[PDB]
Amino acid sequence: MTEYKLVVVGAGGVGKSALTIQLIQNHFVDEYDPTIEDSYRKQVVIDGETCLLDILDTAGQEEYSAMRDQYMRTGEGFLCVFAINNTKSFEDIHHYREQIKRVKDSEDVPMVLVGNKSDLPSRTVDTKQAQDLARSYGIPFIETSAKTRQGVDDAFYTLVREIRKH
Ligand SMILES: Nc1nc2c(ncn2[C@@H]2O[C@H](COP(=O)(O)OP(=O)(O)O)[C@@H](O)[C@H]2O)c(=O)[nH]1
Ligand SMILES: Oc1ccccc1C(=S)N1CCCC1
Ligand SMILES: [Mg+2]
């Protein structure tokens, strides 16, 4: 019955839709439509306290649109996703974290850094570099695989814990 507005951010192709779908529907969709943006609602129990999740899975190319800024205003927590095999996607995290801190006007915005596709063999972003970035932000870092399910509940639930702590 308390509702959390969550926003899933990160470059195209990192797995934002595969994570969100895995969480909601419990399976891995290979090659989900790259171009669709929507919210998904789910009722979950975390640490024994029921809540409603309202999760925006962002899509589209954007030089910073007004509609995106409106959704960032509404967001209560941000899941910032990169892919461990994609150096550019990791480089983009800086930029998301700047926008988030600007829109919310705050250094202390509930956020979790998510390194997705942890099942993949050719890792290009070092775990230690992500851990260090996360630690410098003071936010949790969780490696996930939307394909394996590894980490998926933990990423979203930890973001909820971050809202609740805050
Ligand atoms: N191996 C693997 N592939 C994934 C994973 N997550 C997403 N993908 C694939 O990577 C591509 C991008 O996923 P998508 O969910 O569309 O990412 P989005 O653009 O951020 O929404 C698709 O081909 C997915 O099947 C994962 O955890 N492991
Ligand atoms: O549903 C949401 C979840 C997080 C942030 C914003 C929203 C809103 S109000 N949206 C309106 C329709 C698509 C997303
Ligand atoms: Mg998508």
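Atoms within a ligand are numbered from 1 in the order they appear, just like the ligands themselves. The analysis underlying the following values was restricted to heavy atoms, covering all of them including side chains, and did not include hydrogens, waters or symmetry mates. Position 1 is the first residue of the sequence; numbering continues from there.
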Protein N/O/S atoms closer than 2.8 Å to the Mg ion (ligand 3): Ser17 OG
N/O donor-acceptor pair under 3.5 Å between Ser106 side chain and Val109 backbone: no
Residues, nucleotides or ligands: over 12 heavy atoms within 6.0 Å of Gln99 CD: yes
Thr58 to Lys16 - nearest heavy-atom pair and separation: O-CE, 2.9 Å
Protein contact to atom 1 (O) of ligand 2 [nearest heavy atom, distance to 0.1 Å]: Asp54 OD1, 2.7 Å
Closest protein heavy atom to atom 11 (C) of ligand 2, given as residue, atom name and distance to 0.1 Å: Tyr71 CE2, 3.5 Å
Parallel, tilted or perpendicular: rings of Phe82 and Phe141 (30°, 60°): parallel
Region of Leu6 that comes within reach of ligand 2 [heavy atoms, distance under 4.0 Å]: backbone
Protein heavy-atom partner closest to atom 9 (S) of ligand 2 - residue, atom, separation in Å: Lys5 CE, 3.9 Å
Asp57 side chain to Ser17 side chain, donor-acceptor N/O pair below 3.5 angstrom: yes
Spacing of OH belonging to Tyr4 relative to CG belonging to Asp54, to within rounding of 0.5 Å: 13.5 Å
Atom pair NZ/CZ of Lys128 and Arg135 - distance to nearest 0.5 Å: 7.5 Å
Intermediate values then yes/no, side chain to side chain donor-acceptor pair (under 3.5 Å), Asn116 and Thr144: CA-CA 5 Å; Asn116 188 50; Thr144 61; 2.7 Å; yes
Sub-4.0 Å heavy-atom environment of ligand 1, residues by chain: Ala11, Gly12, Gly13, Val14, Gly15, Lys16, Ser17, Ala18, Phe28, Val29, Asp30, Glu31, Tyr32, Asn116, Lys117, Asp119, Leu120, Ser145, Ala146, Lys147
